[PDB]
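Accompanying notes for the structure given below.
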Amino acid sequence: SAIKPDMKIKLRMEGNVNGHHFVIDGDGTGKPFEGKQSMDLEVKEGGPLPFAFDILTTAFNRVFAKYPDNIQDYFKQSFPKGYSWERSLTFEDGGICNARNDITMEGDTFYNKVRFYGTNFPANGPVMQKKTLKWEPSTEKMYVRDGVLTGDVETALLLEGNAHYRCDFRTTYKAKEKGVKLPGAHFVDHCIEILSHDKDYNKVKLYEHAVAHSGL
């Protein structure tokens with residue numbers, strides 16, 4: 001295996017939400033074979049972000065997912081050359097985002113070139129008013145669409161006041177190396193959490209646990 005039990009994570013995200021530009025750095029560690037990662041994120045430009053930090057967090061790597069032997073692990077098989085993903089996030093109030101990550105590996109470190117663009121969030125909505133509390137735990141449905149590994153998530157942000165704000169994800173995943181075999185359909189359970197933050201989320205410690213399974 002190219003991938004060690006303990007790996008480092010380096011990340012830079014650039015993006016723009018509703019016209020607000022930002023650059024955010026990340027440094028972290030994770031356990032690919034346990035499906036666990038954490039990272040410290042720091043907003044470098046555009047802070048204090050005028051929208052809910054939560055919309056960005058799933059853009060901050062399915063190599064950090066515990067795969068059983070009976071499911072093809074496309075992500076671990078993609079290394080050392082790496083892979084890329086592109087994601088559409090569609091929110092119930094018309095907010096729409098497009099995100100990308102190009103993931104490479106240099107030695108013991110995954111590098112992440114992340115881009116995040118959002119638009120059409122209502123000025124009065126929970127994203128632009130910073131009323132989100134967290135993503136709920138989710139299940140991603142992995143399958144092949146038009147010959148491309150695709151993951152769908154139907155999820156929601158919990159808001160203040162016992163309300164949810166629905167979002168549907170579709171992610172396409174592509175290994176750099178020609179010939180990495182597509183997996184059969186399966187599920188990946190996710191739980192992403194902000195473990196700690198400072199006043200305006202200019203510093204955030206983010207955690208994710210993910211486990212692949214067949215629904216049994």
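Nothing fancy with the numbering, it's 1 onward along the sequence. Reckoned from all heavy atoms, side chains included, excluding hydrogens, waters and symmetry mates.
Grouping the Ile, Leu, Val, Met, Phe, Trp and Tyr side chains by contacts below 4.5 angstrom, directly or via other members, places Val63 with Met105. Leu49 and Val17 end up in the same hydrophobic cluster when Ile, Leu, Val, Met, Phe, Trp and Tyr side chains are linked at under 4.5 Å. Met128 and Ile96 are not part of a single hydrophobic cluster, where members link through side-chain heavy atoms under 4.5 Å apart. Note on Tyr173: it clusters hydrophobically with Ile3, by side-chain heavy-atom contacts below 4.5 Å among ILVMFWY residues. One hydrophobic cluster holds both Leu89 and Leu159 under the rule that ILVMFWY side chains link at heavy-atom gaps under 4.5 Å.
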(message) Using side-chain hydrogen bond (donor to acceptor under 3.5 Å, both in side chains), reason through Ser88 and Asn98 one step at a time and then give a plain yes or no.
(response) CA-CA 5 Å; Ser88 67; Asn98 292 291; 5.2 Å; no
(request) Assess whether salt bridge (charged side-chain N to carboxylate O under 4.0 Å, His left out) is satisfied between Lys130 and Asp200, documenting all intermediate values. (result) CA-CA 10 Å; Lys130 291 172 45 174; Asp200 289 312; 3.8 Å; yes
(request) Decide salt bridge (charged side-chain N to carboxylate O under 4.0 Å, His left out) for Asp27 and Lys10; before the verdict, give the C-alpha distance in whole Å, the side-chain angles of both, and the deciding distance to 0.1 Å. (result) CA-CA 5 Å; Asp27 173 73; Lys10 292 288 201 193; 2.6 Å; yes
(request) Output, in order, the C-alpha distance, side-chain angles, deciding distance and verdict of salt bridge (charged side-chain N to carboxylate O under 4.0 Å, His left out) for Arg100 and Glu86. (result) CA-CA 4 Å; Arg100 180 184 173 96; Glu86 274 183 24; 2.4 Å; yes
(request) Carefully, step by step, assess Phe169 and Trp135 under the rule ring pair (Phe, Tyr, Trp, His ring centres under 6.0 Å). (result) CA-CA 12 Å; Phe169 307 169; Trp135 292 97; 5.2 Å; yes
(request) Apply side-chain contact (heavy atoms from CB on, under 4.5 Å) to the pair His164 and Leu158, showing each step before the final yes or no. (result) CA-CA 5 Å; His164 278 94; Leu158 176 65; 3.7 Å; yes
(message) Pair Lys31, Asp6 - check side-chain contact (heavy atoms from CB on, under 4.5 Å), show working.
(response) CA-CA 5 Å; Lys31 290 175 185 290; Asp6 292 287; 2.8 Å; yes
(request) Could you walk me through whether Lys203 and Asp40 pass side-chain contact (heavy atoms from CB on, under 4.5 Å), step by step? (result) CA-CA 7 Å; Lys203 290 179 154 84; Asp40 295 303; over 6 Å; no
(request) In sequence, state the C-alpha distance, the side-chain angles, and the governing distance for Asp54 and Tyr201, and then conclude on side-chain contact (heavy atoms from CB on, under 4.5 Å). (result) CA-CA 10 Å; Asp54 283 322; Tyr201 295 77; 5.9 Å; no
(request) Step by step, work out the ring pair (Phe, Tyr, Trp, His ring centres under 6.0 Å) result for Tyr67 and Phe33. (result) CA-CA 7 Å; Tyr67 270 79; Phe33 299 97; over 10 Å; no
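Under the 6.0 Å cut-off for aromatic ring centres, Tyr83 and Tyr74 do not qualify, their centroids lying 6.0 Å or more apart. Ring pair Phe64/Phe75: centre-to-centre distance not below 6.0 Å. Checked against the 6.0 Å centroid criterion, the rings of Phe22 and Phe51 qualify as a close aromatic pair.
Between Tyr165 and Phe91, the ring-plane angle classifies as parallel under the 30° and 60° cut-offs.
Here the closest heavy-atom approach between residue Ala59 and residue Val114 is recorded as O-CG1, 3.8 Å. Pairing each heavy atom of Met142 with each of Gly151, the nearest pair is SD-CA, 3.8 Å. Scanning both residues, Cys97 and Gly118, for their nearest heavy atoms gives SG-CA, 3.8 Å. Residue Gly94 comes nearest to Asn120 through the heavy atom pair O-ND2, 2.9 Å, listed as atom of the first residue, atom of the second, then distance. Closest approach of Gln77 and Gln72 over heavy atoms only: CG-NE2, 4.3 Å. Looking at every heavy atom in both residues, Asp93 comes nearest to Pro126 through OD2-CD, 4.0 Å.
Counting only distance, with no hydrogens or angles, the side chain of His209 and the backbone of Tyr207 share no donor-acceptor pair below 3.5 Å. Under a 3.5 Å cut-off, the side chain of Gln129 and the backbone N or O of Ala123 do form a donor-acceptor pair.
Rounding to the nearest 0.5 Å gives a distance of 11.5 Å between NZ of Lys44 and CG of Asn202. To the nearest 0.5 Å, atoms NZ (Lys81) and NZ (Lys176) are separated by 8.5 Å. The distance from the CZ atom of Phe187 to the OG atom of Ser138 is 12.5 Å, given to the nearest 0.5 Å. Atom CE of residue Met39 and atom CG of residue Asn61 lie 8.0 Å apart, to the nearest 0.5 angstrom. To the nearest 0.5 Å, atoms CG (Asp25) and CD (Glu42) are separated by 7.5 Å.
Side-chain contact check for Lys66 versus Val188: every heavy-atom pair is 4.5 Å or farther apart. When side chains are defined from C-beta on, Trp85 counts as touching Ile103, because their heavy atoms get closer than 4.5 Å. At least one side-chain heavy atom of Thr58 sits under 4.5 Å from a side-chain heavy atom of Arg87. Side-chain atoms of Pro68 and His213, non-hydrogen and from C-beta on, never get closer than 4.5 Å to each other. In this structure the side chain of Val23 reaches within 4.5 angstrom of the side chain of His21, judged on heavy atoms. Using a 4.5 Å heavy-atom cutoff, the side chains of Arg62 and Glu140 are in contact. For the pair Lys134/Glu136, a side-chain contact is recorded, criterion being any heavy-atom separation below 4.5 Å from C-beta on. The shortest side-chain heavy-atom distance between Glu45 and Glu14 does not fall under the 4.5 Å cut-off.
For the residue pair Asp102/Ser84, the side-chain donor-acceptor check at 3.5 Å is satisfied. There is no side-chain donor-acceptor pair under 3.5 Å between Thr90 and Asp168. In this model, a donor atom of one side chain and an acceptor atom of the other lie less than 3.5 Å apart for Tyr143 and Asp152. For the residue pair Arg145 and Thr150, no side-chain donor N or O sits within less than 3.5 Å of a side-chain acceptor on the partner.
Remark: of the listed residues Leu157, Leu206, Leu41, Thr132, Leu206 is the sole one forming a side-chain contact (heavy atoms from CB on, under 4.5 Å) with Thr57. Under the side-chain contact (heavy atoms from CB on, under 4.5 Å) rule, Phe60 has a single partner from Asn112, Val204, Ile9, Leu11, which is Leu11.
No more than 12 heavy atoms of other residues, nucleotides or ligands shown are found within 6.0 angstrom of NZ on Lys8. Around atom NZ of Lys131, no more than 12 heavy atoms belonging to other residues, nucleotides or ligands sit under 6.0 Å away.
Applying the side-chain contact (heavy atoms from CB on, under 4.5 Å) test to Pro50 and every residue at least two apart in sequence or in another chain returns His20.
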